[PDB]
Number of protein chains: 4
Amino acid sequence: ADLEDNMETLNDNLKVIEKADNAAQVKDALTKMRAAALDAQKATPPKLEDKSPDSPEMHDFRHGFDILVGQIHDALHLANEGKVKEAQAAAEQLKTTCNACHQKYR
Amino acid sequence: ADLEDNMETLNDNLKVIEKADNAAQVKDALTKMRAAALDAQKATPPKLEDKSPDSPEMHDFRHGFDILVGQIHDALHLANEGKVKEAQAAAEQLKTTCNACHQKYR
Amino acid sequence: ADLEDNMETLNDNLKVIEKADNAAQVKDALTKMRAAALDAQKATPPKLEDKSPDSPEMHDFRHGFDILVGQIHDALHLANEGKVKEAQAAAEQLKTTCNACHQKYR
Amino acid sequence: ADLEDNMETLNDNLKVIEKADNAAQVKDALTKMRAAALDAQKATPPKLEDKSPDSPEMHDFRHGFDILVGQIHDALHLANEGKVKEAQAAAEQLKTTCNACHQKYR
Ligand code: HEM
Ligand code: HEM
Ligand code: HEM
Ligand code: HEM
Ligand SMILES: [Ca+2]
Ligand SMILES: [Ca+2]
Ligand SMILES: [Ca+2]
Ligand SMILES: [Ca+2]
Ligand SMILES: [Ca+2]
Ligand SMILES: [Ca+2]
Ligand SMILES: [Cu+2]
Ligand SMILES: [Cu+2]
Ligand SMILES: [Cu+2]
Ligand SMILES: [Cu+2]
């Protein structure tokens, strides 16, 4: 799985979550998103390939995934409580984080 | 200040950003919006007055401002970089967060 | 309050959490800690008093409080599950965030 | 890599850090520790092999690595700044987290 595969996984599972009916479905999808986000975190994206590995952009890029992983964690806790709609609402709000990184680095 | 006063401050400064010509103007407005958003986050809106404090609705309400504050943060970084048009675009994109909360709780 | 009082409030409420008998007590202390952290966030620390307000040091100083606030939120959620023992553990573990900011800026 | 291989990497790099006479070398070693800790967080340890992942011990276990990675991150930043003494100090303080987990789950 490269960065592009990780992004497919994140995108697909956000949709799985908003379509889901029960807490197990949401938990399973969030867990897949967590793995994909942790995987993507070490990647050098195409738009930063020509920058220093030690650049502020690469630092910030990696931190974008820390934010995303943190928020997935909080959503996963809601799903573990069986709070389907609250967990779905939290997953929906990950989109701001997806967008924030895309605006800078995609 | 109270919730509605915070909301007027958010709306007024969005208009200020829209009309701004330089990065200082935008930075000042975003700074004011951050403070308004943080104040608003502690409020109990009229439609949730008779809901419990850790209720799904109050939890969701508070988290809406977390999302808004994060978006202000990113817009403020652009204004800090002297990127007026980019910061204005980011400020514009805030509106979906305003809209989403209004749809539920206003 | 000033920065020093905010710091005493953080310390004192950690003690309150360690000693707590129930979830309400934990929630109340965590809530106080959030307020203290957000107040401290607005302060200029002695070690950075002569630096610019948008300096990378001031930027990082302010963000240290965001990390702390996020961890307080997570702890509050455990208390709200009635998981007092786990919430107490999470609160004790906040100390690494305290210590990290201290190494740089205290 | 498995739990034990990652743990040896962690221990090896701590010794490297303490041996080192320069910040740049410390930075190199901390980077490898960060990768190793993150690769270890996936694991179920022998002593908790009977538990589910959601259990209080396994939740506490997983968060142990979040604490460690956050500390490695802060150490890395001090090394980035060419602060050899501060980074080495931060590194040796990692052991408290190493030991706190061992005391409970090794
Ligand atoms: C759940 C949140 C996210 C979703 C749903 C998501 C979704 C996607 C999708 C579908 C793509 C490929 C389609 C396209 O290029 O337009 C993509 C690309 C990309 N994303 Fe994300 N993303 C998320 C979070 C993030 C985050 C947090 C970062 C940075 C920290 C990021 C960085 C990138 C980059 C650099 C690309 C371009 C990859 C390439 O061109 O190979 N994404 N994202
Ligand atoms: C930049 C984004 C936002 C803007 C520009 C904005 C603006 C406004 C305005 C102009 C009002 C009219 C109410 C009045 O002043 O009497 C209002 C009300 C309200 N807004 Fe927002 N808002 C924003 C974000 C949010 C968010 C994120 C939430 C919830 C998470 C929210 C919740 C509410 C509520 C509950 C009211 C009704 C208050 C009352 O009736 O006293 N707003 N907002
Ligand atoms: C719950 C975690 C924390 C605890 C228990 C705590 C506790 C304390 C205490 C007891 C002091 C000494 C107060 C005095 O001199 O009167 C202090 C000082 C200080 N703390 Fe913290 N703190 C925490 C988190 C933080 C964080 C996250 C930051 C930075 C983001 C921070 C920045 C500072 C600074 C800059 C001082 C020096 C204050 C001065 O000299 O005026 N603290 N803290
Ligand atoms: C930098 C800090 C750390 C160091 C230096 C360290 C060191 C070690 C070493 C050398 C081993 C023995 C590996 C072997 O079998 O050859 C070990 C095992 C172990 N460590 Fe750590 N560790 C650290 C962090 C942690 C953390 C944060 C946790 C828990 C969150 C943890 C939990 C464990 C457990 C459960 C074992 C038993 C492995 C087994 O028997 O399969 N360690 N550690
Ligand atoms: Ca697909
Ligand atoms: Ca939608
Ligand atoms: Ca009013
Ligand atoms: Ca008014
Ligand atoms: Ca007691
Ligand atoms: Ca969190
Ligand atoms: Cu960093
Ligand atoms: Cu929450
Ligand atoms: Cu920032
Ligand atoms: Cu957790």
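Computation of the quantities below employed the complete heavy-atom set of this structure, encompassing side-chain atoms and omitting hydrogens, waters and symmetry-equivalent molecules. Counting starts at 1 for both ligands and their atoms, following the listed order. All chains are named by letter (A, B, ...) in the order of the sequence lines, taking the proteins before the strands, and each is independently numbered beginning at 1.
Remark: the backbone N or O of A/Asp5 is paired with a side-chain donor or acceptor of A/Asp2 at under 3.5 angstrom. Side-chain atoms of D/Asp39 come within 3.5 Å of backbone atoms of D/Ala1 as a donor-acceptor pair (strictly under, hydrogens ignored). No donor-acceptor distance shorter than 3.5 angstrom exists from the side chain of A/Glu8 to the backbone of A/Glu4, with no hydrogens or angles considered.
Atoms of ligand 3 found under 4.0 Å from any heavy atom of C/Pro46 (numbered from 1 in listed order, with element): 39 (C), 40 (O), 41 (O). For ligand 3, the atoms closer than 4.0 angstrom to any heavy atom of C/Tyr105 are 35 (C). Set against the non-hydrogen atoms of C/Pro45, the atoms of ligand 3 under 4.0 Å away are 35 (C). Listed by number with element, the atoms of ligand 3 under 4.0 Å from a non-hydrogen atom of C/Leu14 are 1 (C), 5 (C). Here is the list of ligand 3 atoms found below 4.0 Å of a heavy atom in C/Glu4: 14 (C), 15 (O), 16 (O), 41 (O).
Residues A/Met58 and A/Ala43 come closest through the heavy atom pair CE-O, 3.7 Å.
Using a 4.0 Å cut-off between charged side-chain N and carboxylate O, B/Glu92 and B/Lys95 make a salt bridge. Salt bridge B/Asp66/B/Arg62: absent, no basic N to carboxylate O contact under 4.0 Å.
Residues C/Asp60 and C/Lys104 form a side-chain contact, since some pair of their non-hydrogen atoms from C-beta on lies under 4.5 Å apart.
Of the N and O atoms on the side chains of C/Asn6 and C/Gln41, not one donor lies less than 3.5 Å from an acceptor on the other residue.
Ranking protein heavy atoms by distance to atom 26 (C) of ligand 3, first place goes to C/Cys101 CB, 3.4 Å. For atom 1 (C) of ligand 3, the closest non-hydrogen atom on the protein side is C/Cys98 SG, 2.6 Å. Of the protein's heavy atoms, C/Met7 CB, 4.0 Å lies nearest to atom 13 (C) of ligand 3. Of the protein's non-hydrogen atoms, C/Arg106 CG, 3.8 Å is the one closest to atom 37 (C) of ligand 3. Among protein heavy atoms, atom 38 (C) of ligand 3 sits closest to C/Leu3 CD1, 4.1 Å.
Using cut-offs of 30° and 60° for the angle between ring planes, the C/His73 and B/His63 rings count as perpendicular.
Heavy atoms of C/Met33 come nearer than 4.0 angstrom to ligand 3 in at least one pair.
Taking 3.0 Å as the threshold, B/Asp2 does not count as a candidate ligand of the Ca ion (ligand 8), since none of its N, O or S atoms lies below it. Checking C/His102 against atom 21 (Fe) of ligand 3, an N/O/S atom falls under the 2.8 Å cut-off.
With respect to the Ca ion (ligand 8), B/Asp5 has OD1 as its nearest N, O or S atom. For D/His73, the N/O/S atom at the shortest distance from the Cu ion (ligand 11) is named NE2.
With respect to B/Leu14, the side chain to side chain contact (heavy atoms under 4.5 Å, CB included) criterion is satisfied by exactly one of B/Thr9, B/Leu94, B/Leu30: B/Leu94.
Here the angle at the Cu ion (ligand 11) defined by NE2 in A/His63 and NE2 in D/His77 stands at 180°, rounded to 10 degrees.
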